[PDB]
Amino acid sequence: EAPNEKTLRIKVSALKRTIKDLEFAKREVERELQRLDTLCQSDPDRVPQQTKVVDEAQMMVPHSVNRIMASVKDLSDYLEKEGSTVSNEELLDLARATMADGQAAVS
């Protein structure tokens, strides 16, 4: 209920969501590339539309990466400021674990 604890929790949850976003976005690229091939053979009048969706799917990967990194920096900055005094050891461990998961997810 400490306001710094509450803010830290929100930032950790936000970061976790950006990481899951990238995972689903990467899985979807592979599907869009398949969805292209399917619609290619079944219905090539849809291929132009799906070519454009595939290209956008691929660009959504760096977009998702950029969001993870912006969230990692925000959390990291907070931990140097009002987050620096949080006494909840397990929340601090979780914040550090989640940052490490984000860094792993990019790279």
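One rule holds for the numbers: they count along the sequence shown, beginning at 1.
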Next item on the list: On mean C-alpha B-factor from the PDB entry, just flag whether 21-29 or 87-95 is the higher one.
Entry: 87-95
Notebook entry, point to check: For the C-alpha atoms alone, is the average B factor greater in 63-71 or in 31-39, going by the entry?
Noted result: 31-39
Notebook entry, point to check: Which third, lowest, middle or highest, does the CA B-factor of residue 76 fall in along this chain?
Noted result: middle
Checklist line | For residue 57, the third of its chain into which the C-alpha B factor falls | finding: lowest
